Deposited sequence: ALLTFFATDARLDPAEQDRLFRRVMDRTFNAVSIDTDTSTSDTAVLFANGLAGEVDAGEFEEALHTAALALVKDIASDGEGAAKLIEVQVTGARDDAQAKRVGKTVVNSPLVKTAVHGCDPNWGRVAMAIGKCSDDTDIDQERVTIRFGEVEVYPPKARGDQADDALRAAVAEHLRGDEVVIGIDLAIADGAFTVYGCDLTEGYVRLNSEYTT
């Protein structure tokens, strides 16, 4: 499924370039799911010929990131037969690895995906999904907080209810999740589940 090729004329130290490339792929292309079906063919390449001279590596990783993250969002906005992007902002994990683990499970929950497709701020399903991380016993359902947009819906006026409904009617939906454990943070990307996805992949 996934093929992505980058090309630059900046001159970059081979070693430092390989690190900033992994670091960026980990926060970008390794942080997106449409249907969990990791493929037999995923490929991500960066070619850097020096026909533009030395460029500050720390500034190229920023640009490489902004660029990778731009394609990622395109991918997730164009998920097969999707209609809205989903972004799971996980914070307060014990560490980033965990925070990602939690985002993936949330963003791959068919019930979560369908709730979102239905414009439903179904935090109970977000909670359920969070719950599926059953080996993460420092996840305390009393310390977990869940939000749609900026608006926090868990733990549980009429204006904020309307704010959230408008947020879920849109095409890019943000699920915020704080675990209240440590400083672990990570954001993943995916989409709603629709009959179009089924119809295309069924046909």
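Note: segments 157 to 163, 211 to 213 of the deposited sequence have no C-alpha coordinates in the structure.
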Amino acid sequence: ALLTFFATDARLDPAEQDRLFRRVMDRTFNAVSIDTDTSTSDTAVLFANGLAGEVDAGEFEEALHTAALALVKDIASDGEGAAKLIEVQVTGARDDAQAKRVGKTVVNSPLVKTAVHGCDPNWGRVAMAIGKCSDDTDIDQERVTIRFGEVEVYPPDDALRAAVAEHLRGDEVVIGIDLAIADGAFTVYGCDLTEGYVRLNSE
From here on, numbers count along this sequence of modelled residues.
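Of the two stretches examined, 2 to 10 and 194 to 202, the record assigns the greater average C-alpha temperature factor to 2 to 10. Between 113 to 121 and 67 to 75, the higher mean Cα B-factor belongs to 67 to 75. The residue among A15, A185, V188, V24 whose C-alpha carries the highest B-factor in the deposited model is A15. In the PDB entry, the Cα temperature factor peaks, among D138, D35, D42, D157, at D157.
Sort the chain's modelled residues by C-alpha temperature factor and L20 lands in the highest third, per the entry. The PDB entry assigns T145 a C-alpha temperature factor belonging to the middle third of its chain's modelled residues. The entry lists a Cα temperature factor for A31 that places it in the lowest third of the chain's modelled residues.
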